[PDB]
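Enquirer: So that we are looking at the same thing, I have put the structure below in structure tokens.
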Amino acid sequence: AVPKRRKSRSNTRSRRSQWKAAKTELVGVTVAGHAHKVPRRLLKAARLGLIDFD
Amino acid sequence: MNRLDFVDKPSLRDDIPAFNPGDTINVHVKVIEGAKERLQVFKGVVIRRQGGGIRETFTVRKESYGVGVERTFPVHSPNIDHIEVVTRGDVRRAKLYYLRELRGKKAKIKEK
Amino acid sequence: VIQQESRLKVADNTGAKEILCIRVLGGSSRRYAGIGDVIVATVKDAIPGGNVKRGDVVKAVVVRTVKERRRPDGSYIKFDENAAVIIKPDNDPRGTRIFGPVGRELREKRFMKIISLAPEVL
Amino acid sequence: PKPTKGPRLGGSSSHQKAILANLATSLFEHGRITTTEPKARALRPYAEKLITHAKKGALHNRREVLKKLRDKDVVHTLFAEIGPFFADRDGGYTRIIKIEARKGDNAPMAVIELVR
Amino acid sequence: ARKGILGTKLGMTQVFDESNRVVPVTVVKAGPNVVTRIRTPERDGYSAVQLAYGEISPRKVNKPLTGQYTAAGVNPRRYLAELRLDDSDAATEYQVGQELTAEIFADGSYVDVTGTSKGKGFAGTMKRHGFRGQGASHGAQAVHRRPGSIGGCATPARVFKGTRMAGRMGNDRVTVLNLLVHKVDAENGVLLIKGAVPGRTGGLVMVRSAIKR
RNA sequence: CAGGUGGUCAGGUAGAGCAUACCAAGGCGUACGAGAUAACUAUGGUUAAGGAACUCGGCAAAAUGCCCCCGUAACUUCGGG
RNA sequence: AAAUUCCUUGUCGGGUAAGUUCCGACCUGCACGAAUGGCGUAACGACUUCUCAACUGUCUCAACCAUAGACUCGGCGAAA
RNA sequence: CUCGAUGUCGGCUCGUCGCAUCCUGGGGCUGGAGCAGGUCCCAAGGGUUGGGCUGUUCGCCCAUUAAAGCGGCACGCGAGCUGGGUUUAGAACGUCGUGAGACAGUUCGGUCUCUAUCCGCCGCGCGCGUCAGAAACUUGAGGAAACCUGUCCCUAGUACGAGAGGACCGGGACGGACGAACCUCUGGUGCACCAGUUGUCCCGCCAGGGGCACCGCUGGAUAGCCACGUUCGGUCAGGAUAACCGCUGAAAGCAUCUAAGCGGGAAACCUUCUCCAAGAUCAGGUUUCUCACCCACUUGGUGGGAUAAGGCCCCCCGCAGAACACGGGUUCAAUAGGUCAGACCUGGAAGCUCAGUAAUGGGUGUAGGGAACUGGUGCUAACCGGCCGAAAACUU
Ligand SMILES: [Mg+2]
Ligand SMILES: [Mg+2]
Ligand SMILES: [Mg+2]
Ligand SMILES: [Mg+2]
Ligand SMILES: [Mg+2]
Ligand SMILES: [Mg+2]
Ligand SMILES: [Mg+2]
Ligand SMILES: [Mg+2]
Ligand SMILES: [Mg+2]
Ligand SMILES: [Mg+2]
Ligand SMILES: [Mg+2]
Ligand SMILES: [Mg+2]
Ligand SMILES: [Mg+2]
Ligand SMILES: [Mg+2]
Ligand SMILES: [Mg+2]
Ligand SMILES: [Mg+2]
Ligand SMILES: [Mg+2]
Ligand SMILES: [Mg+2]
Ligand SMILES: [Mg+2]
Ligand SMILES: [Mg+2]
Ligand SMILES: [Mg+2]
Ligand SMILES: [Mg+2]
Ligand SMILES: [Mg+2]
Ligand SMILES: [Mg+2]
Ligand SMILES: [Mg+2]
Ligand SMILES: [Mg+2]
Ligand SMILES: [Mg+2]
Ligand SMILES: [Mg+2]
Ligand SMILES: [Mg+2]
Ligand SMILES: [Mg+2]
Ligand SMILES: [Mg+2]
Ligand SMILES: [Mg+2]
Ligand SMILES: [Mg+2]
Ligand SMILES: [Mg+2]
Ligand SMILES: [Mg+2]
Ligand SMILES: [Mg+2]
Ligand SMILES: [Mg+2]
Ligand SMILES: [Mg+2]
Ligand SMILES: [Mg+2]
Ligand SMILES: [Mg+2]
Ligand SMILES: [Mg+2]
Ligand SMILES: [Mg+2]
Ligand SMILES: [Mg+2]
Ligand SMILES: [Mg+2]
Ligand SMILES: [Mg+2]
Ligand SMILES: [Mg+2]
Ligand SMILES: [Mg+2]
Ligand SMILES: [Mg+2]
Ligand SMILES: [Mg+2]
Ligand SMILES: [Mg+2]
Ligand SMILES: [Mg+2]
Ligand SMILES: [Mg+2]
Ligand SMILES: [Mg+2]
Ligand SMILES: [Mg+2]
Ligand SMILES: [Mg+2]
Ligand SMILES: [Mg+2]
Ligand SMILES: [Mg+2]
Ligand SMILES: [Mg+2]
Ligand SMILES: [Mg+2]
Ligand SMILES: [Mg+2]
Ligand SMILES: [Mg+2]
Ligand SMILES: [Mg+2]
Ligand SMILES: [Mg+2]
Ligand SMILES: [Mg+2]
């Protein structure tokens with residue numbers, strides 16, 4: 001099927017606004033006297049030094 | 001063990017012999033013909049066990065008048081009076097479904 | 001189990017050797033025919049010079065079924081060929097005796113003359 | 001072990017036996033493997049059932065490991081080093097540690113390593 | 001007037017009755033319950049009775065729900081449901097804190113057993129509603145399990161409400177009526193109930209005495 | 001760009017074979033991925049009892065299948081079939 | 001009664017439990033016919049048509065399993 | 001009305017509606033003895049089969065059934081399927097035309113396109129509202145689904161009838177079709193299960209195994225999912241009624257179901273049974289829990305900050321599942337994996353040893369290998385943590 005008519009501004013901005021990024025949360029890590037922020041799912045590898053903080 | 005072994009424990013029957021697929025077995029079945037209570041004998045060849053305790057079944061097989069007939073009883077069924085072991089058997093499988101397509105003298109299971 | 005277009009061996013001496021199911025009597029749109037069920041049939045093979053001919057429309061009760069049949073005692077029963085006996089309209093066989101064993105479910109369907117002529121009734 | 005509920009690793013199920021055979025060879029050889037995370041949840045019941053054959057140490061258990069590992073230089077270190085090291089540990093021989101997901105496909109990654 | 005109890009589906013097994021027939025049963029641990037609340041018509045508008053069931057650690061129960069058992073003098077349970085009674089001689093036989101066990105049913109009685117059925121996921125039309133499907137050969141281009149038509153034509157230019165389509169099946173509240181209680185087992189807190197019983201093995205099941213009989 | 005393009009060389013084990021299966025010499029993993037038991041569609045597999053009752057129609061699928069030895073009909077233009 | 005027959009599912013015999021199709025005939029050939037050949041014919045056909053044996057998910061009546069998609073996440077990113 | 005396109009017959013799948021009713025249900029009249037009928041009245045709740053022939057609708061026929069209803073919806077339904085018929089190009093037969101050709105004559109062959117924007121519909125979430133913030137259990141305004149029926153026995157060979165034949169009303173038993181739940185049994189499936197085996201290559205070789213050949217093929221196969229399987233359902237009783245049957249009774253001293261008034265009365269109607277449901281914006285009810293700060297301004301039912309009860313994200317998973325949701329668990333832990341022991345499937349492992357010229361067979365041994373189902377075990381991962389989140393008053 002093809003679109004019958006073009007959508008209005010109020011109809012194409014309502015759907016497009018629901019395409020967004022779900023931000024993750026961050027916790028505190030102390031490594032070598034330095035503080036950083038990783039997600040909690042990577043909390044073990046930060047303490048094992050397996051996270052390059054760049 | 002299972003979760004439901006404290007329910008099936010009073011319904012189990014001791015004094016049932018230890019047979020295997022390939023044996024030849026007499027099975028004494030209680031039959032009610034009106035109000036008579038006679039006792040009919042089924043002599044055949046054990047081909048199957050599908051275990052589980054109270055739910056275990058076996059399948060025997062004979063050749064009545066040129067027509068193969070199977071009966072599938074439950075073990076621990078009180079319609080079986082007593083099972084009596086006649087002849088052992090020397091088989092390699094455990095379900096013996098090749099006996100269904102062999103007639104007559106070619107269904108001879110070995111002795112020991 | 002037997003439905004329309006099934007071919008059955010015939011377990012008596014009426015001359016018919018193989019019939020072909022047409023209906024399964026006992027209600028409307030009935031699909032299957034176990035042991036002890038009347039069947040309208042058509043005789044597709046017959047011995048030359050007999051009581052029945054090829055092309056007759058007879059009735060018949062099923063006595064042997066390859067599909068397993070549950071009995072109320074927990075047991076099961078399973079024959080190796082499908083067999084029927086041609087009956088009269090008073091539940092009596094047309095022939096004089098029955099070849100092969102027949103099932104015990106003929107005993108509650110009030111077919112008492114077929115059991116007494118059978119060699120072995122299981 | 002528990003079979004894979006779902007589509008198998010690498011497409012076919014013939015390929016899943018090959019991927020799990022080459023990851024257990026590399027895990028026993030090095031002691032630490034960086035791989036994707038669903039290929040590391042699958043590895044963990046498969047390598048702990050090859051140390052249990054190695055802890056028993058019989059000939060018949062060695063002939064059973066050789067059904068899965070086609071590398072004799074790592075069957076030796078499984079029966080001479082990895083086997084007797086875990087002799088006083090009742091199961092649980094590996095550890096999965098989650099790493100940053102990799103660029104290019106956002107495939108989440110984990111490391112699987114032996115315990116000590 | 002209508003007795004009721006809360007239990008757990010433990011599985012199915014078989015058993016043999018007095019005339020040597022086979023009876024497929026379903027073990028339901030109609031466990032020890034406690035009353036914990038009574039609905040009266042001058043306070044609530046109807047008449048019923050709560051029933052608490054199931055062992056739970058007292059730290060998994062939060063502070064609002066812990067207080068509802070404290071005004072009843074009862075240690076907290078896991079599940080809690082009501083037994084809807086009728087308003088004729090309503091609730092004299094229930095008191096708060098009363099123990100209900102599995103031997104309030106007798107052998108040969110009939111029960112209505114209700115629970116939450118098993119999830120079948122997002123199911124199509126030949127599984128959720130028993131459609132026939134089109135043919136599997138003779139040219140049938142890609143319609144082996146599709147529904148086909150769903151309406152008429154330009155009159156009416158709409159699909160009617162209630163049309164049978166695909167979607168999620170299962171997870172429904174299902175009551176199966178008139179099941180025979182084969183044997184009550186007071187030592188184990190076990191009913192043996194003939195036949196199928198809705199739910200997964202381990203789920204919450206309400207057992208009530210039947211009215212159709 | 002799943003299409004088209006003439007000629008030469010062409011190993012092993014099984015095999016009648018340049019078929020097919022598995023391999024050598026030598027090449028290649030060919031250029032979006034990671035996941036995930038939804039419906040439905042494609043591509044393959046299996047199915048109790050019945051066996052064309054399907055359908056415009058046995059379409060599709062299933063079946064038959066190799067070597068050696070016996071044996072082989074109507075009809076025929078004497079080759080055949 | 002045909003690759004020709006409108007009336008027409010002509011009528012008669014055979015085949016199936018039931019045969020508008022099929023095979024054999026009648027002749028009442030709407031409107032066959034002798035090199036725009038008439039009537040036959042062994043062989044041969046990815047032809048048209050009818051029946052039978054064997055076989056099976058075509059079907060009664062569907063159920064399960066794997067894969068490529070569909071669905072989720074990251075990248076690129078069109079069209080009628 | 002549509003020619004800058006509104007795609008035709010039948011079948012398939014899925015329906016929905018009317019009653020001009022085929023069956024079942026209720027009645028009047030009868031040239032109704034009974035049994036079965038004829039005709040008319042009321043009634044749409046459900047039910048209404050499988051084949052042969054034809055492209056067929058129509059129609060005949062076979063075998064059944066309680067019956068095999070007649071019609072509307074673009075002669076319902078091709079962005080759902082089919083393409084046999086019809087309406088392209090090929091070819092032939094008959095007839096017409098000197099001919100090209102033609103024939104609501106016949107015959108054989110003949111591409112069925114489309115990634116769903118909007119409304120509709122089946123599902124499932126996010127957001128805010130419900131005058132504080134939360135948690136648990138609920139009433140049901142209003143809707144959805146379901147509604148079919150047979151044979152046999154007893155009452156009784158009684159009522160009726162010269163005979164043949166043969167009941168209404170009540171009571172009981174066993175089925176068919178349909179539906180929903182379910183996996184104990186039967187049966188099917190089984191892509192990390194066990195075993196047999198062919199060809200070939202590799203592991204140095206023998207022995208033992210493995211890769212690939214549709215899972216190479218073959219024999220089985222627990223869990224899960226299922227039907228062919230198990231179990232259950234359509235019930236009982238009330239309320240108001242249709243046709244029809246009355247009671248009392250005038251106008252009209254009689255009579256009349258009616259004008260006042262009161263009853264009987266069916267599968268239709270409303271309750272009762274199962275299910276969804278307070279987004280029912282009148283946004284409900286019973287309870288318990290938190291029941292507390294701090295800062296600034298223009299002192300506002302104002303903005304910020306920090307919390308409580310509680311929840312979410314993350315994590316370990318599920319028989320919960322497209323995402324999301326829902327449910328269990330997080331060291332005070334048996335959630336998953338391991339491990340240990342049972343259950344179950346397979347069918348007697350390797351190694352050694354004995355018998356045999358060998359192929360192979362016996363012993364050690366209900367062996368060994370193994371997944372889902374049950375129970376113990378604190379060994380691996382459930383972590384040393386983030387984000388949300390509580391009240392102007394006033395009138396009687
Ligand atoms: Mg066993
Ligand atoms: Mg699986
Ligand atoms: Mg993929
Ligand atoms: Mg393979
Ligand atoms: Mg599921
Ligand atoms: Mg189908
Ligand atoms: Mg296509
Ligand atoms: Mg297809
Ligand atoms: Mg190219
Ligand atoms: Mg060429
Ligand atoms: Mg070669
Ligand atoms: Mg080749
Ligand atoms: Mg390329
Ligand atoms: Mg899939
Ligand atoms: Mg089949
Ligand atoms: Mg078969
Ligand atoms: Mg056949
Ligand atoms: Mg045929
Ligand atoms: Mg069909
Ligand atoms: Mg048909
Ligand atoms: Mg047909
Ligand atoms: Mg073909
Ligand atoms: Mg083929
Ligand atoms: Mg020929
Ligand atoms: Mg012809
Ligand atoms: Mg004719
Ligand atoms: Mg002819
Ligand atoms: Mg002429
Ligand atoms: Mg001439
Ligand atoms: Mg001429
Ligand atoms: Mg010619
Ligand atoms: Mg994307
Ligand atoms: Mg034009
Ligand atoms: Mg236009
Ligand atoms: Mg049409
Ligand atoms: Mg009417
Ligand atoms: Mg009448
Ligand atoms: Mg209707
Ligand atoms: Mg009603
Ligand atoms: Mg209609
Ligand atoms: Mg139409
Ligand atoms: Mg129509
Ligand atoms: Mg359309
Ligand atoms: Mg359209
Ligand atoms: Mg032409
Ligand atoms: Mg001319
Ligand atoms: Mg094509
Ligand atoms: Mg589409
Ligand atoms: Mg209501
Ligand atoms: Mg509303
Ligand atoms: Mg269902
Ligand atoms: Mg089981
Ligand atoms: Mg089974
Ligand atoms: Mg294996
Ligand atoms: Mg060897
Ligand atoms: Mg190779
Ligand atoms: Mg199973
Ligand atoms: Mg009533
Ligand atoms: Mg509710
Ligand atoms: Mg509320
Ligand atoms: Mg949660
Ligand atoms: Mg041995
Ligand atoms: Mg020797
Ligand atoms: Mg084990």
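By order in the structure tokens, chains are A, B, ...; within a chain, residues start at 1; ligands start at 1, following the order shown.
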Show me, as a list in words, the residues that have an atom within 7 Å of residue 115 in chain D when counting only C-alpha atoms (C1' of nucleotides), minus same-chain residues fewer than 4 positions from it.

Expert: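 My reading of the contact set: residues 93, 94 and 95 of chain D.
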
Enquirer: Check the DSSP output for the backbone and give back, as a list in words, the residues of range 92-192 of chain E in alpha helix (DSSP H).

Expert: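 Secondary structure check on range 92-192 of chain E, alpha helix (DSSP H): residues 125, 126, 127 and 128 of chain E.
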
Enquirer: Can you measure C1' of residue 202 in chain H to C1' of residue 9 in chain F for me? One decimal in Å is fine.

Expert: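 Interatomic distance here is 29.2 Å.
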
Enquirer: Name the residues in contact with residue 267 in chain H at a cut-off of 12 Å, using only C-alpha atoms (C1' of nucleotides), excluding same-chain residues fewer than 2 positions from it; report them as a ChimeraX atom specification.

Expert: /H:24-26,43-47,147-149

Enquirer: Looking only at the backbone, which of the residues in chain E does DSSP tag as strand (DSSP E), as a PyMOL selection string?

Expert: chain E and resi 4-16+22-28+33-34+38-39+48-55+77-82+99-100+110-116+122-123+167-168+173-185+190-194+204-209

Enquirer: Within 9 Å of residue 50 in chain F, counting only C-alpha atoms (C1' of nucleotides), which residues qualify if same-chain residues fewer than 2 places away don't, as a list in words?

Expert: residues 1, 2, 3, 4, 5, 6 and 7 of chain C; 60 of chain G

Enquirer: For ligand 24, collect every residue having any atom at a distance of at most 12 Å from a ligand atom (counting only C-alpha atoms (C1' of nucleotides) and all ligand atoms); output as a ChimeraX atom specification.

Expert: /F:73-76,80-81 /G:42-44

Enquirer: Those same residues - N, CA, C and O atoms (P, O5', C5', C4', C3', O3' and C1' of nucleotides) - I'd like them written as a PDB file, in the first residue's frame.

Expert:
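Resulting contents of out-v5.pdb:
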ATOM      1  P     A F  73       5.593 -63.516 -24.009  1.00  0.00           P
ATOM      2  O5'   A F  73       4.069 -63.384 -24.416  1.00  0.00           O
ATOM      3  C5'   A F  73       3.065 -63.923 -23.576  1.00  0.00           C
ATOM      4  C4'   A F  73       1.858 -63.029 -23.512  1.00  0.00           C
ATOM      5  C3'   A F  73       1.485 -62.312 -24.793  1.00  0.00           C
ATOM      6  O3'   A F  73       0.807 -63.134 -25.723  1.00  0.00           O
ATOM      7  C1'   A F  73       1.420 -60.788 -23.012  1.00  0.00           C
ATOM      8  P     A F  74       0.889 -62.793 -27.286  1.00  0.00           P
ATOM      9  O5'   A F  74      -0.208 -61.660 -27.487  1.00  0.00           O
ATOM     10  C5'   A F  74      -1.590 -61.970 -27.426  1.00  0.00           C
ATOM     11  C4'   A F  74      -2.439 -60.726 -27.372  1.00  0.00           C
ATOM     12  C3'   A F  74      -2.528 -59.911 -28.650  1.00  0.00           C
ATOM     13  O3'   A F  74      -3.455 -60.428 -29.587  1.00  0.00           O
ATOM     14  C1'   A F  74      -2.096 -58.471 -26.842  1.00  0.00           C
ATOM     15  P     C F  75      -2.961 -61.018 -30.997  1.00  0.00           P
ATOM     16  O5'   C F  75      -2.447 -59.754 -31.816  1.00  0.00           O
ATOM     17  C5'   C F  75      -3.281 -58.636 -32.077  1.00  0.00           C
ATOM     18  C4'   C F  75      -2.469 -57.367 -32.117  1.00  0.00           C
ATOM     19  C3'   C F  75      -1.501 -57.223 -33.279  1.00  0.00           C
ATOM     20  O3'   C F  75      -2.105 -56.766 -34.470  1.00  0.00           O
ATOM     21  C1'   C F  75      -0.390 -56.711 -31.266  1.00  0.00           C
ATOM     22  P     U F  76      -1.646 -57.362 -35.885  1.00  0.00           P
ATOM     23  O5'   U F  76      -0.156 -56.854 -36.057  1.00  0.00           O
ATOM     24  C5'   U F  76       0.126 -55.489 -36.300  1.00  0.00           C
ATOM     25  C4'   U F  76       1.607 -55.247 -36.368  1.00  0.00           C
ATOM     26  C3'   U F  76       2.360 -56.020 -37.429  1.00  0.00           C
ATOM     27  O3'   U F  76       2.263 -55.403 -38.693  1.00  0.00           O
ATOM     28  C1'   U F  76       3.544 -56.081 -35.377  1.00  0.00           C
ATOM     29  P     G F  80      14.759 -56.134 -32.306  1.00  0.00           P
ATOM     30  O5'   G F  80      14.388 -54.643 -31.904  1.00  0.00           O
ATOM     31  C5'   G F  80      13.364 -54.356 -30.969  1.00  0.00           C
ATOM     32  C4'   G F  80      12.232 -53.606 -31.621  1.00  0.00           C
ATOM     33  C3'   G F  80      11.125 -53.125 -30.703  1.00  0.00           C
ATOM     34  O3'   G F  80      11.439 -51.913 -30.049  1.00  0.00           O
ATOM     35  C1'   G F  80      10.169 -54.215 -32.546  1.00  0.00           C
ATOM     36  P     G F  81      11.512 -51.845 -28.451  1.00  0.00           P
ATOM     37  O5'   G F  81      10.045 -52.215 -27.980  1.00  0.00           O
ATOM     38  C5'   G F  81       9.085 -51.198 -27.763  1.00  0.00           C
ATOM     39  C4'   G F  81       7.691 -51.760 -27.685  1.00  0.00           C
ATOM     40  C3'   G F  81       7.290 -52.387 -26.368  1.00  0.00           C
ATOM     41  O3'   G F  81       6.870 -51.437 -25.414  1.00  0.00           O
ATOM     42  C1'   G F  81       6.694 -53.822 -28.132  1.00  0.00           C
TER      43        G F  81
ATOM     44  P     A G  42      -1.525 -49.991 -33.728  1.00  0.00           P
ATOM     45  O5'   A G  42      -0.056 -50.469 -33.351  1.00  0.00           O
ATOM     46  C5'   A G  42       0.244 -51.845 -33.185  1.00  0.00           C
ATOM     47  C4'   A G  42       1.650 -52.175 -33.621  1.00  0.00           C
ATOM     48  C3'   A G  42       2.767 -51.388 -32.962  1.00  0.00           C
ATOM     49  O3'   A G  42       3.133 -51.875 -31.692  1.00  0.00           O
ATOM     50  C1'   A G  42       3.100 -51.399 -35.282  1.00  0.00           C
ATOM     51  P     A G  43       3.241 -50.856 -30.473  1.00  0.00           P
ATOM     52  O5'   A G  43       4.391 -49.857 -30.926  1.00  0.00           O
ATOM     53  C5'   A G  43       5.750 -50.271 -30.943  1.00  0.00           C
ATOM     54  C4'   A G  43       6.656 -49.283 -31.642  1.00  0.00           C
ATOM     55  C3'   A G  43       6.841 -47.930 -30.976  1.00  0.00           C
ATOM     56  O3'   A G  43       7.813 -47.955 -29.952  1.00  0.00           O
ATOM     57  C1'   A G  43       6.419 -47.630 -33.270  1.00  0.00           C
ATOM     58  P     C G  44       7.510 -47.389 -28.481  1.00  0.00           P
ATOM     59  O5'   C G  44       7.758 -45.824 -28.580  1.00  0.00           O
ATOM     60  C5'   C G  44       8.903 -45.289 -29.218  1.00  0.00           C
ATOM     61  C4'   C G  44       8.660 -43.880 -29.693  1.00  0.00           C
ATOM     62  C3'   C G  44       7.932 -42.947 -28.742  1.00  0.00           C
ATOM     63  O3'   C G  44       8.763 -42.411 -27.732  1.00  0.00           O
ATOM     64  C1'   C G  44       7.068 -42.704 -30.920  1.00  0.00           C
TER      65        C G  44
END

Enquirer: Distance limit 10 Å, reference ligand 42, atoms considered: only C-alpha atoms (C1' of nucleotides) and all ligand atoms. Which residues make the cut? Give them as a PyMOL selection string.

Expert: chain H and resi 10+57+73+75-77

Enquirer: Which residues, written as a list in words, have at least one atom at most 12 Å from residue 137 in chain H, with only C-alpha atoms (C1' of nucleotides) counted and residues fewer than 3 positions away on the same chain left out?

Expert: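 Listed by chain and then number, they are residues 36, 37, 38, 39, 44, 48, 49, 50, 51, 52, 65, 68, 79, 80, 81, 82 and 83 of chain E; 285, 286, 287 and 288 of chain H.
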
Enquirer: So which residues touch range 36-51 of chain C within 6 Å, counting only C-alpha atoms (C1' of nucleotides), skipping near sequence neighbours fewer than 5 positions away, as a PyMOL selection string?

Expert: chain C and resi 15-25+56-62+105-106

Enquirer: Selected residues, N, CA, C and O atoms, written as a tab-separated table (two decimals), in the first residue's frame, please.

Expert:
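Listed below is the output, again_13.tsv:
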chain	number	residue	atom	x	y	z
C	15	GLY	N	-18.56	-64.74	1.39
C	15	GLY	CA	-18.07	-64.59	0.06
C	15	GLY	C	-17.39	-63.27	-0.20
C	15	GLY	O	-16.51	-63.19	-1.06
C	16	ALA	N	-17.79	-62.22	0.52
C	16	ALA	CA	-17.14	-60.93	0.39
C	16	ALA	C	-15.76	-60.97	1.01
C	16	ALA	O	-15.58	-61.49	2.11
C	17	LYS	N	-14.77	-60.45	0.29
C	17	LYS	CA	-13.41	-60.40	0.81
C	17	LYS	C	-12.93	-59.01	1.19
C	17	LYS	O	-12.01	-58.91	2.01
C	18	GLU	N	-13.51	-57.95	0.64
C	18	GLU	CA	-13.05	-56.60	0.95
C	18	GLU	C	-14.18	-55.61	0.69
C	18	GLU	O	-14.66	-55.52	-0.44
C	19	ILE	N	-14.59	-54.88	1.72
C	19	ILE	CA	-15.66	-53.89	1.61
C	19	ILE	C	-15.05	-52.50	1.71
C	19	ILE	O	-13.87	-52.33	1.98
C	20	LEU	N	-15.88	-51.48	1.48
C	20	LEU	CA	-15.44	-50.09	1.45
C	20	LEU	C	-16.48	-49.24	2.17
C	20	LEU	O	-17.62	-49.15	1.71
C	21	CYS	N	-16.07	-48.61	3.27
C	21	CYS	CA	-16.97	-47.81	4.10
C	21	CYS	C	-17.56	-46.63	3.35
C	21	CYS	O	-16.94	-46.06	2.45
C	22	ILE	N	-18.80	-46.30	3.69
C	22	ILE	CA	-19.54	-45.21	3.05
C	22	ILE	C	-20.03	-44.23	4.10
C	22	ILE	O	-19.75	-43.04	4.03
C	23	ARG	N	-20.78	-44.72	5.08
C	23	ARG	CA	-21.15	-43.94	6.24
C	23	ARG	C	-20.61	-44.59	7.49
C	23	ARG	O	-20.22	-45.75	7.50
C	24	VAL	N	-20.63	-43.82	8.56
C	24	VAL	CA	-20.44	-44.32	9.90
C	24	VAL	C	-21.72	-43.97	10.63
C	24	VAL	O	-21.95	-42.80	10.96
C	25	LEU	N	-22.58	-44.96	10.84
C	25	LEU	CA	-23.89	-44.71	11.41
C	25	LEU	C	-23.77	-44.39	12.89
C	25	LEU	O	-22.82	-44.79	13.56
C	56	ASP	N	-22.61	-54.60	-4.12
C	56	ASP	CA	-23.75	-54.61	-3.21
C	56	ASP	C	-23.54	-53.57	-2.13
C	56	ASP	O	-22.42	-53.17	-1.82
C	57	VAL	N	-24.64	-53.12	-1.55
C	57	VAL	CA	-24.61	-52.11	-0.50
C	57	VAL	C	-25.11	-52.80	0.76
C	57	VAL	O	-26.31	-53.03	0.92
C	58	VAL	N	-24.20	-53.13	1.67
C	58	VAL	CA	-24.54	-53.93	2.84
C	58	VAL	C	-24.25	-53.15	4.10
C	58	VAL	O	-23.73	-52.03	4.04
C	59	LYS	N	-24.58	-53.72	5.26
C	59	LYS	CA	-24.20	-53.17	6.55
C	59	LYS	C	-23.24	-54.11	7.25
C	59	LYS	O	-23.21	-55.31	6.97
C	60	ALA	N	-22.48	-53.57	8.19
C	60	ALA	CA	-21.35	-54.30	8.74
C	60	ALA	C	-20.91	-53.69	10.06
C	60	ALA	O	-20.86	-52.47	10.18
C	61	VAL	N	-20.57	-54.54	11.02
C	61	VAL	CA	-20.03	-54.10	12.30
C	61	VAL	C	-18.53	-54.33	12.29
C	61	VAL	O	-18.04	-55.32	11.74
C	62	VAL	N	-17.78	-53.38	12.83
C	62	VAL	CA	-16.32	-53.46	12.85
C	62	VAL	C	-15.88	-54.29	14.05
C	62	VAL	O	-16.29	-54.02	15.19
C	105	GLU	N	-15.45	-55.12	22.90
C	105	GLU	CA	-16.39	-54.01	22.85
C	105	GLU	C	-17.66	-54.35	22.08
C	105	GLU	O	-18.61	-53.56	22.12
C	106	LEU	N	-17.70	-55.49	21.40
C	106	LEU	CA	-18.93	-56.04	20.85
C	106	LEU	C	-19.90	-56.53	21.90
C	106	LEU	O	-21.05	-56.83	21.56

Enquirer: Grab me every residue within 8 Å of ligand 1, counting only C-alpha atoms (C1' of nucleotides) and all ligand atoms, and send it over as a list in words.

Expert: residues 49, 50 and 51 of chain B; 344 and 345 of chain H

Enquirer: Collect all residues with atoms no farther than 9 Å from ligand 21, counting only C-alpha atoms (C1' of nucleotides) and all ligand atoms, and output them as number ranges by chain.

Expert: F: 52-55; H: 51-52

Enquirer: How about saving the chosen residues, C-alpha atoms (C1' of nucleotides) kept, as a PDB file, in the first residue's frame?

Expert:
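Just written: selection-v7.pdb:
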ATOM      1  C1'   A F  52      -7.305 -39.124  -3.899  1.00  0.00           C
ATOM      2  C1'   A F  53     -12.402 -38.742   0.680  1.00  0.00           C
ATOM      3  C1'   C F  54      -8.382 -32.805  -1.928  1.00  0.00           C
ATOM      4  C1'   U F  55      -8.945 -30.498  -6.381  1.00  0.00           C
TER       5        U F  55
ATOM      6  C1'   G H  51     -19.579 -37.921  -1.586  1.00  0.00           C
ATOM      7  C1'   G H  52     -20.536 -39.215  -7.588  1.00  0.00           C
TER       8        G H  52
END

Enquirer: Tell me as a PDB file with C-alpha atoms, in the first residue's frame which residues belonging to chain D come within 8 Å of chain A, counting only C-alpha atoms.

Expert:
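So part-v3.pdb came out as:
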ATOM      1  CA  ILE D  97      32.746 -10.538  34.034  1.00  0.00           C
ATOM      2  CA  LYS D  98      30.922  -8.038  31.836  1.00  0.00           C
ATOM      3  CA  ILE D  99      33.038  -5.688  29.712  1.00  0.00           C
ATOM      4  CA  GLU D 100      32.158  -2.587  27.668  1.00  0.00           C
TER       5      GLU D 100
END

Enquirer: When the cut-off is 9 Å and you count only C-alpha atoms (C1' of nucleotides) and all ligand atoms, which residues lie near ligand 5, shown as a PyMOL selection string?

Expert: (chain E and resi 118-122) or (chain F and resi 37) or (chain H and resi 225+319-321)
